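Q:
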Amino acid sequence: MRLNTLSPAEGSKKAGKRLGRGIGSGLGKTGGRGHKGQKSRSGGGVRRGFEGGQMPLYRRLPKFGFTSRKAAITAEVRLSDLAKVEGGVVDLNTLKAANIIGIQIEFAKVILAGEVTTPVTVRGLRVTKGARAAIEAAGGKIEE
Amino acid sequence: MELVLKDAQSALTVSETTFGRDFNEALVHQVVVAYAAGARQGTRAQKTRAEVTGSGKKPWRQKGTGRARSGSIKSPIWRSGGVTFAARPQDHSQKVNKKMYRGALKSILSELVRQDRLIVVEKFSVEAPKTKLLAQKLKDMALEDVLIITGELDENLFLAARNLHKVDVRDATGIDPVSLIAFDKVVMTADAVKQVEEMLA
Amino acid sequence: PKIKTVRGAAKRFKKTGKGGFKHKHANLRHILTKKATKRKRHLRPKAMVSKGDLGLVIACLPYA
Amino acid sequence: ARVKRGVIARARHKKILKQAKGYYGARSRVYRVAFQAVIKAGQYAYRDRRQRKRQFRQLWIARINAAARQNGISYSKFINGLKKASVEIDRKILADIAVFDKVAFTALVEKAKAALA
RNA sequence: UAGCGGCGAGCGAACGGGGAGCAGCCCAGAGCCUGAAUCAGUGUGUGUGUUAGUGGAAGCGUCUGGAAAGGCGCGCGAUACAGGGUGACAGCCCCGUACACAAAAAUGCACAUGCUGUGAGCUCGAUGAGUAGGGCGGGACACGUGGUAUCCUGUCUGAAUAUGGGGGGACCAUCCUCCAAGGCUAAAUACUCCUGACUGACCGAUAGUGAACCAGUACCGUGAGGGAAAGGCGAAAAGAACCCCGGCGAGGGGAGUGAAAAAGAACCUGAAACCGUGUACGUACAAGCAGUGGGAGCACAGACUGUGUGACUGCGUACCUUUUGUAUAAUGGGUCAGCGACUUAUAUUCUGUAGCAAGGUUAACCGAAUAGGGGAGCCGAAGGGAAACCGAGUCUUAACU
RNA sequence: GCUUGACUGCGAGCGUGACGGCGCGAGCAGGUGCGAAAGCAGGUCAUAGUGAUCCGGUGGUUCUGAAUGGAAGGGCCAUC
Ligand SMILES: [Mg+2]
Ligand SMILES: [Mg+2]
Ligand SMILES: [Mg+2]
Ligand SMILES: [Mg+2]
Ligand SMILES: [Mg+2]
Ligand SMILES: [Mg+2]
Ligand SMILES: [Mg+2]
Ligand SMILES: [Mg+2]
Ligand SMILES: [Mg+2]
Ligand SMILES: [Mg+2]
Ligand SMILES: [Mg+2]
Ligand SMILES: [Mg+2]
Ligand SMILES: [Mg+2]
Ligand SMILES: [Mg+2]
Ligand SMILES: [Mg+2]
Ligand SMILES: [Mg+2]
Ligand SMILES: [Mg+2]
Ligand SMILES: [Mg+2]
Ligand SMILES: [Mg+2]
Ligand SMILES: [Mg+2]
Ligand SMILES: [Mg+2]
Ligand SMILES: [Mg+2]
Ligand SMILES: [Mg+2]
Ligand SMILES: [Mg+2]
Ligand SMILES: [Mg+2]
Ligand SMILES: [Mg+2]
Ligand SMILES: [Mg+2]
Ligand SMILES: [Mg+2]
Ligand SMILES: [Mg+2]
Ligand SMILES: [Mg+2]
Ligand SMILES: [Mg+2]
Ligand SMILES: [Mg+2]
Ligand SMILES: [Mg+2]
Ligand SMILES: [Mg+2]
Ligand SMILES: [Mg+2]
Ligand SMILES: [Mg+2]
Ligand SMILES: [Mg+2]
Ligand SMILES: [Mg+2]
Ligand SMILES: [Mg+2]
Ligand SMILES: [Mg+2]
Ligand SMILES: [Mg+2]
Ligand SMILES: [Mg+2]
Ligand SMILES: [Mg+2]
Ligand SMILES: [Mg+2]
Ligand SMILES: [Mg+2]
Ligand SMILES: [Mg+2]
Ligand SMILES: [Mg+2]
Ligand SMILES: [Mg+2]
Ligand SMILES: [Mg+2]
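Chains as they are written, first to last, in the authors' numbering: chain BM, 1 to 144; chain BE, 1 to 201; chain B5, 2 to 65; chain BR, 2 to 118.
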């Protein structure tokens, strides 16, 4: 182990394409751009979703729906997150302190995802049917 | 893990994770390379055809003169024209994940112990701030190219070191993988080794 | 700098569980009375983007 | 990292020019021309290794025809007779024998004639 | 992202969070007590810079060499082995460097202090009207007039005034929050004509500034303006006394200097194109991409093979580009030398590889600084639906086989 | 002659398109018409009779509603 005995893993560093350095290189004269077109040109090419002029798919098809502002402030909790908090009470504030839900999160739901072993008291949160059953089995409590 | 000491011939227990792990060469190499990249300064710049000092007028008319068609005197294919892809000052600093860095350090430390390049001692203080004294001590310890890692900061030791280019005295907080690899031997004080273990975990 | 989204594409497409894109069918917007009810019914539900245009959609929506 | 390219460029040119020694005019003096000439020579050499094989066989056949006729038999007939007689002597050797050993060639011809009829 | 947008191309927040820095005041006014805090100028004293500077360690012998700083021996200094010179590469030869000191005078910044101006605290008040709103036309807000809140105003109007008024994205009610139409205010932020120090996986004379050189010069232009080329003898001029040819030339040959003048100022090296002198071989009956395969002779070098030439002979219409297709009478190149074109930054995806793994990782910033802190955030572990919402399901539908 | 199947929700599975799409479809649920009944009927013997998106208009709505309650605007469904 000297500064002239170390070496990278095989496959770590790969050879960097150098365009336009002669015939043997492979990427010879043209540099893998074929022969004179728009794409051949420096700066050449066409913007995203351009189809020669055809009405592009993102325009062909109709716009739909709207964005909900309450969805931005809802969140979804896991039973593994019911264990990740500290204590035995799961409020919004407690979850936030734990760092599980985001700060501007008015509402949260406990979903049956993962598993809860310790007894936990879910207070003031919506809980899905499977999650509620799981928590009860764990020996927990849910209250509004 | 257990390192016997030179001065007292007494053992010192350490973590197997820190001082007895495998040497992951690829990881170590990446970390050292990153260190070098970070150390570079990267201050340079050429002039693009934009920046080269001159007028932006057409040297001669597009057609007629029979000369090849020229547009600017600052062209990159002209003598005293711009550099085509002129450099700017750039930051060559690579990120290294904390865990990756720590692992690399662990591997290097382990390698040193295996290779018998890590020498542990109870204390490596010099009495005066005198290069002559430090040199004599090193000779007595048999050493020449060495990184003396100390726990607590020592003024006499640091000053004495200053003029020996083969010798380098560091605080245990300021160790770095390139330095460890570079220096022929590494002499850690007992406090320093303990501190390093605490740091690395 | 950050790549910008094609906002029209964002409006018209939404990503699914594996990484497809559902979209609303064309032709159910105006003159309807001539269109047959069966056709209208079929057009009503959403539809996955085909294999051909998936790439184009992906280019349009880099943060989708 | 300004890689000046004088030394390499000149070495490369010099190698090509050296290869093009002995060519008339700019084909031995002026790089562009010399290089063109060198490439051409290479192409010719490849062709002519093949053509060399062809030519020498042609020469051997001509010599053997002359010798066989001197011994009163055409080349084709002589070759057929030899083939019949199971003589595997190849025609480089046959030509050499004809040139330098008339008795041996005559003996061979006799064998061919006997085998033929 | 939400939004804006021929809903195209594109533009693009805020709320909220983490940091840097954090300083609050005064007038619309008078009574009291009143030189009371603060701020500014101005003298004086102290401290610390700045504008000259001082000291600053320790090596000789031998070999090669023009010369030692190199080789080989044996020593010494080092809070000084940064750096630069000196006849080749020097810790100890010189200048410095670490470190310790220094200002008659002028002056920056601190306090301390004197003088001048400056006015603190209490009670009672007062609380910015052609203004806020509005109509018309524009503009600014991410916001293009749209359902468009908010800000500015060219034009025409025009309130209430704390029992009051503004905002909370058309608008109304409730609730919350603030007080416009008067001002001042350090820090964290931006930049470098200029001054000093230091640094570079920056250039090294076609590069780096246009300019290493008497360069914004020569030169060009009426003018605004454009705008070059051009570095190197030697360690030291020791820069060639004297003689000779020559026009009391130029130029050269000796001589001398020097390590070297094929280092002589047209000066380090001194390539290529291009032009000569000499020698070997070939060539004046022979038709073309000028080579290549075969190949005689001749010359040379060694003891037959190497080299040089190439009579004669088979085959053989350059290169690039562009094209269905070029010897093409299609393009480009007089040649040489130097330079001349897939880069960089940031986002995103896939592949390899390393780390950790249901977790991974930090950004600004802080930091005896590539350590460590910082988890604000971001991606992932759950999807369905336009959405409310539901959730290993969900949407469709009255319900789904 | 009697009628409104010129139904509503869906739809195994196929055809045809680079795609946008276009076409055929037994069967299931609801509710109907003719037939004594078996049955047939989701327009016409079939193949032309047509126009994406955007931007709006009209009606409905158990979605949304920028402090809160509404509303505007947006969405969804039908349609121009
Ligand atoms: Mg290739
Ligand atoms: Mg190829
Ligand atoms: Mg390509
Ligand atoms: Mg081309
Ligand atoms: Mg073409
Ligand atoms: Mg092309
Ligand atoms: Mg361009
Ligand atoms: Mg958080
Ligand atoms: Mg002009
Ligand atoms: Mg330049
Ligand atoms: Mg860090
Ligand atoms: Mg509609
Ligand atoms: Mg001095
Ligand atoms: Mg000194
Ligand atoms: Mg010496
Ligand atoms: Mg020299
Ligand atoms: Mg006021
Ligand atoms: Mg107004
Ligand atoms: Mg208004
Ligand atoms: Mg207002
Ligand atoms: Mg509101
Ligand atoms: Mg040069
Ligand atoms: Mg220049
Ligand atoms: Mg110049
Ligand atoms: Mg005269
Ligand atoms: Mg003279
Ligand atoms: Mg010389
Ligand atoms: Mg010279
Ligand atoms: Mg020459
Ligand atoms: Mg002749
Ligand atoms: Mg001729
Ligand atoms: Mg020969
Ligand atoms: Mg020939
Ligand atoms: Mg072609
Ligand atoms: Mg043609
Ligand atoms: Mg041809
Ligand atoms: Mg031509
Ligand atoms: Mg060409
Ligand atoms: Mg030409
Ligand atoms: Mg990439
Ligand atoms: Mg990867
Ligand atoms: Mg009936
Ligand atoms: Mg018909
Ligand atoms: Mg449109
Ligand atoms: Mg419009
Ligand atoms: Mg409507
Ligand atoms: Mg509501
Ligand atoms: Mg509301
Ligand atoms: Mg509504």
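Just so you know, even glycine gets a beta-carbon here, dropped at the ideal spot from N, CA and C.
If contact means a Cβ-Cβ distance below 7 Å, which residues of the region 49 to 65 of chain BM contact chain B5?
A: Listed by position, the residues of the region 49 to 65 of chain BM near chain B5 (Cβ gap below 7 Å) are 49, 57, 58, 59, 60, 61, 62, 63 and 64.
Q: Beta carbon of residue 54 (chain BE): closer than 6 Å to some heavy atom of ligand 3?
A: On the second sequence, position 54 is the one that residue 54 (chain BE) refers to. Result no, Cβ not under 6 Å from ligand 3.
Q: Does the beta-carbon of residue 35 (chain BM) have 16 or more other beta-carbons within 10 angstroms, so that it is buried, or is it exposed?
A: Along the first sequence, one-based indexing puts residue 35 (chain BM) at 35. Counting Cβ neighbours within 10 Å, residue 35 (chain BM) comes out exposed, since fewer than 16 surround it.
Q: Answer yes or no: does any C-beta atom of chain BM fall closer than 7 Å to that of residue 144 (chain BE)?
A: Within the second sequence, residue 144 (chain BE) is the residue found at index 144, counting from 1. No - not a single Cβ of chain BM is within 7 Å of the one on residue 144 (chain BE).
Q: What do you get for residue 47 (chain BR), buried or exposed, if any count of 16 or more other CB atoms within 10 angstroms of its CB means buried?
A: Your numbering for residue 47 (chain BR) matches position 46 in the fourth sequence. Classification of residue 47 (chain BR): exposed, given that the 10 Å Cβ count is below 16.
Q: Residue 18 (chain BE): buried (16+ other C-beta within 10 angstroms of its C-beta) or exposed?
A: Taking the first residue of the second sequence as position 1, residue 18 (chain BE) is located at position 18. Buried, because 16 or more other Cβ atoms sit within 10 Å of the Cβ of residue 18 (chain BE).
Q: Find the residues of chain BM that neighbour residue 57 (chain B5), judging by a C-beta separation of less than 7 Å, and give them in chain order.
A: Taking the third sequence and counting its residues from 1, the one referred to as residue 57 (chain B5) is at position 56. Neighbours of residue 57 (chain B5) on chain BM, chain order: 49 and 57.
Q: As a quick check of your reading: which residues have a C-beta less than 7 Å from at least one non-hydrogen atom of ligand 2, in chain order?
A: Any residue whose Cβ sits closer than 7 Å to a heavy atom of ligand 2 makes the list: 26 (chain BM) and 28 (chain BM).
Q: Going by C-alpha to C-alpha distance, which of 96 (chain BM), 44 (chain BM), 66 (chain BM) and 51 (chain BM) sits closest to residue 12 (chain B5)?
A: One-based indexing of the third sequence puts residue 12 (chain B5) at position 11. When only C-alpha atoms are compared, the closest one is 66 (chain BM).
Q: Would you say residue 15 (chain BM) lies against chain BE (beta-carbon separation less than 7 Å)?
A: Numbered from 1 along the first sequence, position 15 holds the residue referred to as residue 15 (chain BM). So no, residue 15 (chain BM) is outside the interface.
Q: List the whole-angstrom C-beta distance separating residue 113 (chain BR) from residue 65 (chain BR), where the pair is believed to meet the contact cut-off of C-beta under 8 Å.
A: Reading the fourth sequence from its first residue, position 112 is the one you call residue 113 (chain BR). Reading the fourth sequence from its first residue, position 64 is the one you call residue 65 (chain BR). Rounded, the Cβ-Cβ distance is 11 Å, inconsistent with contact.
Q: Please decide whether residue 181 (chain BE) counts as near chain BM, where near means a Cβ-Cβ distance under 7 Å.
A: Taking the second sequence and counting its residues from 1, the one referred to as residue 181 (chain BE) is at position 181. It does; some Cβ of chain BM falls within 7 Å.
Q: Measure from the C-beta of residue 9 (chain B5) to each C-beta in chain BM and report whether the shortest distance is under 7 Å.
A: Your numbering for residue 9 (chain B5) matches position 8 in the third sequence. With 7 Å as the cut-off, residue 9 (chain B5) counts as an interface residue toward chain BM.
Q: On the three-pair Cβ rule with 8 Å, is the region 20 to 33 of chain BM touching the region 163 to 182 of chain BE?
A: As far as the Cβ criterion goes, the region 20 to 33 of chain BM does not touch the region 163 to 182 of chain BE, which means the pair count is below three.
Q: By how many angstroms is the C-alpha of residue 49 (chain BR) removed from the C-alpha of residue 41 (chain BR)?
A: Locating residue 41 (chain BR) in the fourth sequence gives position 40, where the first residue counts as 1. Locating residue 49 (chain BR) in the fourth sequence gives position 48, where the first residue counts as 1. Taking the straight line from one Cα to the other gives about 12 Å.
Q: Would you say residue 92 (chain BE) reaches chain BM, if we count a Cβ-Cβ gap shorter than 7 Å as a contact?
A: For the purposes of this step, residue 92 (chain BE) is identified with residue 92 of the second sequence, where counting begins at 1. So no, residue 92 (chain BE) is outside the interface.
Q: In three-state terms, what does DSSP make of residue 24 (chain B5)?
A: Walking along the third sequence from the start, residue 24 (chain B5) turns up at place 23. If DSSP states are grouped into helix, strand and coil, residue 24 (chain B5) belongs with the strands.
Q: Which of the three DSSP states is assigned to residue 57 (chain BE) in this structure?
A: Position 57 of the second sequence, counted from the first residue, corresponds to residue 57 (chain BE). It is coil, neither helix nor strand.
Q: Drop a sphere of 10 angstroms on the beta-carbon of residue 4 (chain BE), count the other beta-carbons inside from all chains shown, and report buried for 16 or more, exposed for fewer.
A: Locating residue 4 (chain BE) in the second sequence gives position 4, where the first residue counts as 1. That one is exposed.
Q: Could you please give the first and the last residue of the uninterrupted alpha helix (DSSP H) stretch that includes residue 38 (chain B5)?
A: Working through the third sequence from its first residue, we reach residue 38 (chain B5) at position 37. From DSSP, the alpha helix (DSSP H) with residue 38 (chain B5) extends over 38 to 44.
Q: Can you look up residue 48 (chain BR) in the DSSP assignment and give me helix, strand or coil?
A: Numbered from its first residue, the fourth sequence carries residue 48 (chain BR) at position 47. In this structure, residue 48 (chain BR) counts as helix in the three-state DSSP scheme.
Q: Starting from residue 132 (chain BE), follow the alpha helix (DSSP H) in both directions and report where the run begins and ends.
A: The residue you call residue 132 (chain BE) lines up with position 132 of the second sequence. 131 to 140 is the extent of the alpha helix (DSSP H) around residue 132 (chain BE).
Q: Below 7 Å on C-beta distance, what does residue 36 (chain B5) contact in chain BM?
A: Indexing the third sequence from 1 puts residue 36 (chain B5) at position 35. Those within 7 Å of residue 36 (chain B5) in chain BM number zero; the least Cβ separation is about 15 Å.
Q: On the three-state DSSP scale, how would you describe residue 147 (chain BE)?
A: In the second sequence, counting from the first residue as 1, residue 147 (chain BE) sits at position 147. Three-state DSSP puts residue 147 (chain BE) in a strand.
Q: Under a CB-based cut-off of 7 Å, is residue 86 (chain BE) close to chain BM?
A: Along the second sequence, one-based indexing puts residue 86 (chain BE) at 86. Chain BM, which has no Cβ nearer than 7 Å to the Cβ of residue 86 (chain BE), makes this no.
Q: Any C-beta of chain BE sitting closer than 7 Å to the C-beta of residue 119 (chain BM)?
A: In the first sequence, residue 119 (chain BM) corresponds to position 119, counting from 1. It does not; no Cβ of chain BE falls within 7 Å.
Q: Quick check on residue 29 (chain BE) - is its C-beta less than 7 Å from some C-beta in chain BM?
A: Here the question's residue 29 (chain BE) lines up with position 29 in the second sequence. Taking Cβ atoms only, chain BM reaches closer than 7 Å to residue 29 (chain BE), which makes this a yes.
Q: Identify the contact partners of residue 2 (chain BM) in chain BE, using a Cβ-Cβ distance below 9 Å as the criterion.
A: As a first step, residue 2 (chain BM) is located in the first sequence; it is residue number 2 there, counting from the start. Per Cβ cutoff of 9 Å: 181 and 182.
Q: Rounded to the nearest angstrom, how far is the Cβ of residue 160 (chain BE) from that of residue 189 (chain BE), given a contact under 8 Å?
A: Start at 1 with the first residue of the second sequence, and residue 160 (chain BE) comes out as number 160. Start at 1 with the first residue of the second sequence, and residue 189 (chain BE) comes out as number 189. Between residue 189 (chain BE) and residue 160 (chain BE) the Cβ distance is about 15 Å, and since that is not below 8 Å, they are no contact.
Q: Would you mind stating whether residue 2 (chain BE) and residue 8 (chain BE) have Cβ atoms separated by less than 7 Å?
A: Within the second sequence, residue 2 (chain BE) is the residue found at index 2, counting from 1. Within the second sequence, residue 8 (chain BE) is the residue found at index 8, counting from 1. It is not a contact, given that the beta carbons lie outside the stated cut-off.
Q: Which of the three DSSP states is assigned to residue 288 (chain BE) in this structure?
A: This structure leaves residue 288 (chain BE) out entirely; chain BE is present only between 1 and 201.
Q: Nearest chain BE C-beta to residue 6 (chain BM) closer than 7 Å, yes or no?
A: Here residue 6 (chain BM) is taken as the residue at index 6 of the first sequence, counted from 1. It does; some Cβ of chain BE falls within 7 Å.
Q: Does the beta carbon of residue 12 (chain BM) fall short of 6 Å from some heavy atom of ligand 23?
A: If you number the first sequence from 1, residue 12 (chain BM) lands on position 12. Answer for residue 12 (chain BM): no, Cβ out of range of ligand 23.
Q: What does DSSP give as the partner residues of residue 54 (chain BM) in its beta bridges?
A: The sequence position of residue 54 (chain BM) within the first sequence is 54, counting from 1. 51 (chain BM).
Q: State whether the region 67 to 75 of chain BM contacts the region 27 to 44 of chain BM, with contact taken as three or more CB pairs (one from each stretch) at a distance under 8 Å.
A: Touching, no.
Q: Find the residues of chain BM that neighbour residue 32 (chain BE), judging by a C-beta separation of less than 9 Å, and give them in chain order.
A: As a working mapping, residue 32 (chain BE) is identified with position 32 in the second sequence. Near residue 32 (chain BE) (Cβ distances below 9 Å), the residues of chain BM are 3 and 6.
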